[PDB]
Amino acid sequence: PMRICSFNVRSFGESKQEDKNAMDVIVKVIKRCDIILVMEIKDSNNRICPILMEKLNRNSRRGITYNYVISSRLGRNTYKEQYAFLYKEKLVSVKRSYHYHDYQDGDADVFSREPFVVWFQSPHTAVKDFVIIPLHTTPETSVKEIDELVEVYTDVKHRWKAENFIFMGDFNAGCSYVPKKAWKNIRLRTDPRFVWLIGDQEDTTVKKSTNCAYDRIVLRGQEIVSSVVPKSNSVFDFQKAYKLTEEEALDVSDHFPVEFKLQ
């Protein structure tokens, strides 16, 4: 069974490479996953190659090799981020990737960080291919941004043959950003063909004082939905798993990763 993870790593820049403790936790988290979306990559050179070197040192299983695809730098101006997908080479490959663009009226309007959509081929799963649409919203505009994910789904269906979709990332989908009353105006929730694997009662925040399901996974496509391994869909508490204190865990990230498994 293949594990797919999304992980918001707070400010993953050159500085973070120097905290060996935090970096070792991040590597361990990645090593549990066959595909992992990493968000908040911030660098104008290369942080994604150091990570691959680190992950490919034990050249183990004569081939548990990892590769990556990374988006362009996305934002309004000086403040840019990248989405990266790290994946086990021998288990999946990238068929195509593109940056969503709204050809109608306002062209850079809704997303500050346009989804970097990636079409994966997966010869060993029941579902032979799927598309991952990642999103990292700006907190105060999460209602609109999450809602607009149905327009990305439409665009991808027009462009590619694809039937199976995974929407994942940091939607900021809780607490004061997306209150209970606002779910009514989000088509990604009110259309029930979209299946939510992380529910509104989950805690994706490392801090003990907060309990919000900021990070999410949503599927569409009857094939992929019915291929989810029962009980696999969860928050991975890396703090409890590696016996870290709150301070050590906050050095890694402010967010826990979310994940599920596919048959």
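Sequential numbering from 1, following the sequence displayed.
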Q) Averaging C-alpha B-factors over each stretch, which comes out higher, 61-69 or 22-30? A) 61-69
Q.
Please compare 166-174 with 100-108 and name the stretch with the higher mean C-alpha B-factor in the deposited structure.
A. 100-108
Q) Among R220, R216, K231, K42, which carries the highest Cα B-factor? A) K42
Q: Pick out which of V195, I224, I51, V38 has the highest C-alpha B-factor in the PDB entry.
A: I51
**Q.** Where the record places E148 (Cα B-factor, split into thirds across the chain)
**A.** lowest
Q.
By the recorded C-alpha temperature factor, relative to the other modelled residues in its chain, which third is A126 in?
A. highest
**Q.** Chain third (lowest, middle, highest) by recorded CA B-factor, residue given as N77
**A.** highest
(Q) Using only modelled residues of the chain, where does the Cα B factor of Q201 rank: lowest third, middle third or highest third? (A) middle
Q. Among the chain's modelled residues, which third holds the C-alpha B-factor of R113?
A. lowest
